[PDB]
Amino acid sequence: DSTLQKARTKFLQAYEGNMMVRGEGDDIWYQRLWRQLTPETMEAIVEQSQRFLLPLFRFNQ
DNA sequence: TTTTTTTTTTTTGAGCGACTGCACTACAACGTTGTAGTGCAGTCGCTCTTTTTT
């Protein structure tokens with residue numbers, strides 16, 4: 001549960017950044033699809049990133 | 001004085017302060033070895049209000 005909460009914290013930190021760094025969610029291409037980040041679309045993005053971005057960190061050294 | 005065209009994004013926080021690991025000597029227990037304090041280095045939280053006057 002601790003890693004499942006820290007991953008949600010990192011996802012909310014990288015999607016919507018602080019008041020000094022522009023986050024990834026502040027973009028004209030993501031606001032057209034959804035206006036508010038629902039947890040269902042968040043889990044869909046998590047599943048797609050686990051399906052595709054896994055060999056990025058699997059072969060990293 | 002006449003006239004020619006062209007579709008590609010990129011970037012952005014760092015100093016303050018603590019936690020822990022590794023080393024190194026000072027000093028007491030058993031010349032050598034275990035306990036304690038300090039310093040250097042890598043890693044990690046955090047954080048930067050409030051508003052209205054013709």
# chains A, B, ... in the order shown; residues from 1 in each chain; ligands from 1
>>> interface_residues(of="chain B", to="chain A", cutoff="10 Å", atoms="only C-alpha atoms (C1' of nucleotides)", output="PyMOL selection string")
chain B and resi 12-13+48
>>> write_last_selection(atoms="N, CA and C atoms (P, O5', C5', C4', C3', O3' and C1' of nucleotides)", output="PDB file, in the first residue's frame")
ATOM      1  P    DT B  12      16.241  22.531 -18.969  1.00  0.00           P
ATOM      2  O5'  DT B  12      15.882  22.891 -17.453  1.00  0.00           O
ATOM      3  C5'  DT B  12      14.543  22.772 -16.990  1.00  0.00           C
ATOM      4  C4'  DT B  12      14.035  24.104 -16.472  1.00  0.00           C
ATOM      5  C3'  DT B  12      13.195  24.022 -15.213  1.00  0.00           C
ATOM      6  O3'  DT B  12      14.036  24.014 -14.071  1.00  0.00           O
ATOM      7  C1'  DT B  12      12.129  25.426 -16.803  1.00  0.00           C
ATOM      8  P    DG B  13      13.535  23.333 -12.706  1.00  0.00           P
ATOM      9  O5'  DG B  13      13.146  24.579 -11.779  1.00  0.00           O
ATOM     10  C5'  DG B  13      13.936  25.766 -11.811  1.00  0.00           C
ATOM     11  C4'  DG B  13      14.644  25.991 -10.484  1.00  0.00           C
ATOM     12  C3'  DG B  13      15.540  24.846 -10.025  1.00  0.00           C
ATOM     13  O3'  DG B  13      16.675  25.358  -9.352  1.00  0.00           O
ATOM     14  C1'  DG B  13      13.822  25.184  -8.438  1.00  0.00           C
ATOM     15  P    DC B  48       5.302  28.128   2.328  1.00  0.00           P
ATOM     16  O5'  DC B  48       5.226  29.596   1.703  1.00  0.00           O
ATOM     17  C5'  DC B  48       6.359  30.453   1.767  1.00  0.00           C
ATOM     18  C4'  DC B  48       6.652  31.059   0.408  1.00  0.00           C
ATOM     19  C3'  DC B  48       5.435  31.261  -0.477  1.00  0.00           C
ATOM     20  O3'  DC B  48       4.838  32.525  -0.198  1.00  0.00           O
ATOM     21  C1'  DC B  48       7.248  30.293  -1.721  1.00  0.00           C
TER      22       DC B  48
END
>>> atom_distance(atom1="CA of residue 8 in chain A", atom2="CA of residue 52 in chain A")
18.5 Å
>>> residues_around(residues="residue 42 in chain B", least_positions_apart="5", cutoff="12 Å", atoms="only C-alpha atoms (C1' of nucleotides)", output="PDB file with N, CA and C atoms (P, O5', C5', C4', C3', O3' and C1' of nucleotides), in the first residue's frame")
ATOM      1  P    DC B  19      16.132  13.782  11.704  1.00  0.00           P
ATOM      2  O5'  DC B  19      15.912  12.529  10.740  1.00  0.00           O
ATOM      3  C5'  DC B  19      16.370  12.593   9.397  1.00  0.00           C
ATOM      4  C4'  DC B  19      16.624  11.204   8.849  1.00  0.00           C
ATOM      5  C3'  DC B  19      17.362  10.274   9.796  1.00  0.00           C
ATOM      6  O3'  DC B  19      16.995   8.925   9.543  1.00  0.00           O
ATOM      7  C1'  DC B  19      18.768  10.840   7.959  1.00  0.00           C
ATOM      8  P    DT B  20      17.583   7.741  10.455  1.00  0.00           P
ATOM      9  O5'  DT B  20      18.779   7.150   9.575  1.00  0.00           O
ATOM     10  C5'  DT B  20      18.533   6.759   8.232  1.00  0.00           C
ATOM     11  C4'  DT B  20      19.832   6.559   7.476  1.00  0.00           C
ATOM     12  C3'  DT B  20      20.858   5.654   8.172  1.00  0.00           C
ATOM     13  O3'  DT B  20      21.195   4.567   7.319  1.00  0.00           O
ATOM     14  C1'  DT B  20      21.873   7.637   7.353  1.00  0.00           C
ATOM     15  P    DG B  21      22.061   3.331   7.870  1.00  0.00           P
ATOM     16  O5'  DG B  21      23.424   3.427   7.038  1.00  0.00           O
ATOM     17  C5'  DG B  21      23.380   3.432   5.615  1.00  0.00           C
ATOM     18  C4'  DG B  21      24.699   3.906   5.031  1.00  0.00           C
ATOM     19  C3'  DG B  21      25.938   3.156   5.527  1.00  0.00           C
ATOM     20  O3'  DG B  21      26.793   2.860   4.430  1.00  0.00           O
ATOM     21  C1'  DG B  21      26.222   5.471   5.847  1.00  0.00           C
ATOM     22  P    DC B  22      27.857   1.661   4.533  1.00  0.00           P
ATOM     23  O5'  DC B  22      29.260   2.408   4.707  1.00  0.00           O
ATOM     24  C5'  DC B  22      29.769   3.216   3.650  1.00  0.00           C
ATOM     25  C4'  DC B  22      30.927   4.070   4.133  1.00  0.00           C
ATOM     26  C3'  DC B  22      31.993   3.320   4.940  1.00  0.00           C
ATOM     27  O3'  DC B  22      33.243   3.375   4.261  1.00  0.00           O
ATOM     28  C1'  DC B  22      31.382   5.386   5.985  1.00  0.00           C
TER      29       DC B  22
END
>>> residues_around(residues="range 10-17 of chain A", least_positions_apart="4", cutoff="12 Å", atoms="only C-alpha atoms (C1' of nucleotides)", output="VMD selection string")
(chain A and resid 3 to 6 21 to 27 30 36 to 39 42 to 43 45 to 46 49) or (chain B and resid 12 to 13)
>>> write_last_selection(atoms="C-alpha atoms (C1' of nucleotides)", output="compact mmCIF listing (two decimals), in the first residue's frame")
# COMPACT_ATOMS: atom_id res chain seq x y z
CA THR A 3 4.25 2.02 -2.91
CA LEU A 4 0.70 2.23 -4.30
CA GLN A 5 0.26 5.55 -2.45
CA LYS A 6 3.69 6.93 -3.36
CA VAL A 21 7.18 24.18 -12.64
CA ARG A 22 4.58 23.64 -15.36
CA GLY A 23 3.03 20.21 -14.93
CA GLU A 24 2.27 17.68 -17.64
CA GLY A 25 -1.49 18.06 -17.19
CA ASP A 26 -1.40 21.76 -18.11
CA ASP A 27 -1.51 21.14 -21.85
CA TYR A 30 -5.00 16.70 -22.56
CA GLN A 36 -10.77 16.71 -14.73
CA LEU A 37 -8.47 13.72 -14.18
CA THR A 38 -10.85 10.92 -13.26
CA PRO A 39 -9.40 7.88 -11.45
CA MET A 42 -5.82 7.49 -14.41
CA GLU A 43 -5.91 3.70 -14.07
CA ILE A 45 -3.06 5.56 -18.28
CA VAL A 46 -1.34 3.48 -15.58
CA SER A 49 2.27 2.85 -19.19
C1' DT B 12 12.13 25.43 -16.80
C1' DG B 13 13.82 25.18 -8.44
>>> residues_around(residues="residue 17 in chain B", least_positions_apart="6", cutoff="12 Å", atoms="only C-alpha atoms (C1' of nucleotides)", output="PyMOL selection string")
chain B and resi 44-46
>>> write_last_selection(atoms="N, CA, C and O atoms (P, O5', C5', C4', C3', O3' and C1' of nucleotides)", output="PDB file, in the first residue's frame")
ATOM      1  P    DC B  44      16.822   9.357  -2.715  1.00  0.00           P
ATOM      2  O5'  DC B  44      15.870  10.142  -1.701  1.00  0.00           O
ATOM      3  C5'  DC B  44      15.618   9.599  -0.414  1.00  0.00           C
ATOM      4  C4'  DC B  44      15.149  10.674   0.548  1.00  0.00           C
ATOM      5  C3'  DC B  44      13.949  11.500   0.065  1.00  0.00           C
ATOM      6  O3'  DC B  44      12.930  11.487   1.052  1.00  0.00           O
ATOM      7  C1'  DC B  44      15.663  12.904   0.875  1.00  0.00           C
ATOM      8  P    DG B  45      11.413  11.840   0.655  1.00  0.00           P
ATOM      9  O5'  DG B  45      11.106  13.177   1.475  1.00  0.00           O
ATOM     10  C5'  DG B  45       9.867  13.322   2.155  1.00  0.00           C
ATOM     11  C4'  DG B  45       9.893  14.524   3.079  1.00  0.00           C
ATOM     12  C3'  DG B  45       9.045  15.706   2.621  1.00  0.00           C
ATOM     13  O3'  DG B  45       8.524  16.381   3.757  1.00  0.00           O
ATOM     14  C1'  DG B  45      11.276  16.389   2.773  1.00  0.00           C
ATOM     15  P    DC B  46       7.233  17.328   3.624  1.00  0.00           P
ATOM     16  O5'  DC B  46       7.685  18.684   4.338  1.00  0.00           O
ATOM     17  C5'  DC B  46       8.984  19.214   4.093  1.00  0.00           C
ATOM     18  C4'  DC B  46       8.898  20.664   3.661  1.00  0.00           C
ATOM     19  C3'  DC B  46       7.800  20.964   2.651  1.00  0.00           C
ATOM     20  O3'  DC B  46       7.439  22.334   2.732  1.00  0.00           O
ATOM     21  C1'  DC B  46       9.867  21.313   1.632  1.00  0.00           C
TER      22       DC B  46
END
>>> select_by_dssp(residues="chain A", states="helix (DSSP H, G or I)", output="JSON, numbers by chain")
{"A": [2, 3, 4, 5, 6, 7, 8, 9, 10, 11, 12, 13, 14, 15, 39, 40, 41, 42, 43, 44, 45, 46, 47, 48, 49, 50, 51, 52, 54, 55, 56, 57, 58]}
>>> write_last_selection(atoms="N, CA and C atoms", output="mmCIF file, in the first residue's frame")
data_model
loop_
_atom_site.group_PDB
_atom_site.id
_atom_site.type_symbol
_atom_site.label_atom_id
_atom_site.label_comp_id
_atom_site.auth_asym_id
_atom_site.auth_seq_id
_atom_site.Cartn_x
_atom_site.Cartn_y
_atom_site.Cartn_z
ATOM 1 N N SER A 2 2.054 1.192 0.585
ATOM 2 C CA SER A 2 2.911 2.371 0.631
ATOM 3 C C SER A 2 3.426 2.736 -0.754
ATOM 4 N N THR A 3 3.835 1.739 -1.541
ATOM 5 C CA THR A 3 4.249 2.016 -2.911
ATOM 6 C C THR A 3 3.069 2.418 -3.785
ATOM 7 N N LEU A 4 1.887 1.849 -3.539
ATOM 8 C CA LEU A 4 0.702 2.235 -4.298
ATOM 9 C C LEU A 4 0.225 3.642 -3.966
ATOM 10 N N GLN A 5 0.552 4.158 -2.782
ATOM 11 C CA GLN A 5 0.257 5.547 -2.453
ATOM 12 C C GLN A 5 1.342 6.505 -2.929
ATOM 13 N N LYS A 6 2.609 6.095 -2.852
ATOM 14 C CA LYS A 6 3.687 6.933 -3.364
ATOM 15 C C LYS A 6 3.663 7.038 -4.884
ATOM 16 N N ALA A 7 3.198 6.003 -5.585
ATOM 17 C CA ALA A 7 3.061 6.118 -7.032
ATOM 18 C C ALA A 7 1.927 7.060 -7.416
ATOM 19 N N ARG A 8 0.824 7.044 -6.664
ATOM 20 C CA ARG A 8 -0.232 8.027 -6.896
ATOM 21 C C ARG A 8 0.243 9.440 -6.581
ATOM 22 N N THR A 9 1.064 9.589 -5.537
ATOM 23 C CA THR A 9 1.618 10.901 -5.215
ATOM 24 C C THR A 9 2.557 11.395 -6.308
ATOM 25 N N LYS A 10 3.405 10.511 -6.836
ATOM 26 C CA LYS A 10 4.292 10.896 -7.928
ATOM 27 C C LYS A 10 3.511 11.199 -9.202
ATOM 28 N N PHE A 11 2.413 10.480 -9.438
ATOM 29 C CA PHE A 11 1.604 10.739 -10.624
ATOM 30 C C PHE A 11 0.897 12.084 -10.524
ATOM 31 N N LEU A 12 0.374 12.418 -9.342
ATOM 32 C CA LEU A 12 -0.237 13.729 -9.150
ATOM 33 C C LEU A 12 0.797 14.848 -9.102
ATOM 34 N N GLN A 13 2.045 14.537 -8.753
ATOM 35 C CA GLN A 13 3.098 15.547 -8.769
ATOM 36 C C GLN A 13 3.586 15.821 -10.187
ATOM 37 N N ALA A 14 3.666 14.785 -11.023
ATOM 38 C CA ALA A 14 4.164 14.964 -12.381
ATOM 39 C C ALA A 14 3.069 15.422 -13.334
ATOM 40 N N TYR A 15 1.809 15.098 -13.042
ATOM 41 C CA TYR A 15 0.714 15.543 -13.897
ATOM 42 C C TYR A 15 0.460 17.033 -13.703
ATOM 43 N N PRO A 39 -10.242 9.029 -11.817
ATOM 44 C CA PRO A 39 -9.401 7.877 -11.450
ATOM 45 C C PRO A 39 -9.507 6.714 -12.421
ATOM 46 N N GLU A 40 -10.600 6.617 -13.181
ATOM 47 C CA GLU A 40 -10.711 5.566 -14.188
ATOM 48 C C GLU A 40 -9.742 5.804 -15.341
ATOM 49 N N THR A 41 -9.694 7.035 -15.853
ATOM 50 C CA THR A 41 -8.711 7.356 -16.882
ATOM 51 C C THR A 41 -7.294 7.324 -16.326
ATOM 52 N N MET A 42 -7.130 7.613 -15.034
ATOM 53 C CA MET A 42 -5.815 7.494 -14.413
ATOM 54 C C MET A 42 -5.351 6.042 -14.384
ATOM 55 N N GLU A 43 -6.253 5.120 -14.038
ATOM 56 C CA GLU A 43 -5.905 3.703 -14.073
ATOM 57 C C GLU A 43 -5.693 3.203 -15.495
ATOM 58 N N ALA A 44 -6.407 3.767 -16.470
ATOM 59 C CA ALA A 44 -6.165 3.396 -17.863
ATOM 60 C C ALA A 44 -4.781 3.848 -18.322
ATOM 61 N N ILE A 45 -4.394 5.072 -17.958
ATOM 62 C CA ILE A 45 -3.056 5.564 -18.275
ATOM 63 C C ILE A 45 -1.994 4.734 -17.563
ATOM 64 N N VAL A 46 -2.275 4.316 -16.327
ATOM 65 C CA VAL A 46 -1.338 3.476 -15.581
ATOM 66 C C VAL A 46 -1.161 2.128 -16.272
ATOM 67 N N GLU A 47 -2.261 1.539 -16.742
ATOM 68 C CA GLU A 47 -2.172 0.253 -17.430
ATOM 69 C C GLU A 47 -1.442 0.381 -18.761
ATOM 70 N N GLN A 48 -1.684 1.467 -19.500
ATOM 71 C CA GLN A 48 -0.988 1.647 -20.771
ATOM 72 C C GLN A 48 0.501 1.906 -20.559
ATOM 73 N N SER A 49 0.858 2.612 -19.482
ATOM 74 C CA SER A 49 2.267 2.851 -19.194
ATOM 75 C C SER A 49 2.955 1.590 -18.689
ATOM 76 N N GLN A 50 2.226 0.735 -17.969
ATOM 77 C CA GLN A 50 2.781 -0.551 -17.565
ATOM 78 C C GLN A 50 2.942 -1.482 -18.758
ATOM 79 N N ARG A 51 2.071 -1.350 -19.761
ATOM 80 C CA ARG A 51 2.182 -2.184 -20.952
ATOM 81 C C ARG A 51 3.321 -1.725 -21.857
ATOM 82 N N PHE A 52 3.529 -0.413 -21.981
ATOM 83 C CA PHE A 52 4.475 0.105 -22.964
ATOM 84 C C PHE A 52 5.799 0.572 -22.370
ATOM 85 N N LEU A 54 7.436 -0.290 -19.769
ATOM 86 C CA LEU A 54 8.111 -1.257 -18.908
ATOM 87 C C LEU A 54 9.524 -1.628 -19.364
ATOM 88 N N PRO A 55 9.794 -1.796 -20.667
ATOM 89 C CA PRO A 55 11.191 -2.007 -21.088
ATOM 90 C C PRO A 55 12.074 -0.776 -20.971
ATOM 91 N N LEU A 56 11.518 0.395 -20.658
ATOM 92 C CA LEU A 56 12.360 1.551 -20.369
ATOM 93 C C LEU A 56 13.129 1.353 -19.069
ATOM 94 N N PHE A 57 12.424 0.975 -18.003
ATOM 95 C CA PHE A 57 13.036 0.736 -16.702
ATOM 96 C C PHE A 57 13.501 -0.701 -16.507
ATOM 97 N N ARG A 58 13.117 -1.624 -17.392
ATOM 98 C CA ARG A 58 13.608 -2.993 -17.266
ATOM 99 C C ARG A 58 15.067 -3.106 -17.692
#
>>> atom_distance(atom1="CA of residue 28 in chain A", atom2="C1' of residue 14 in chain B")
28.9 Å
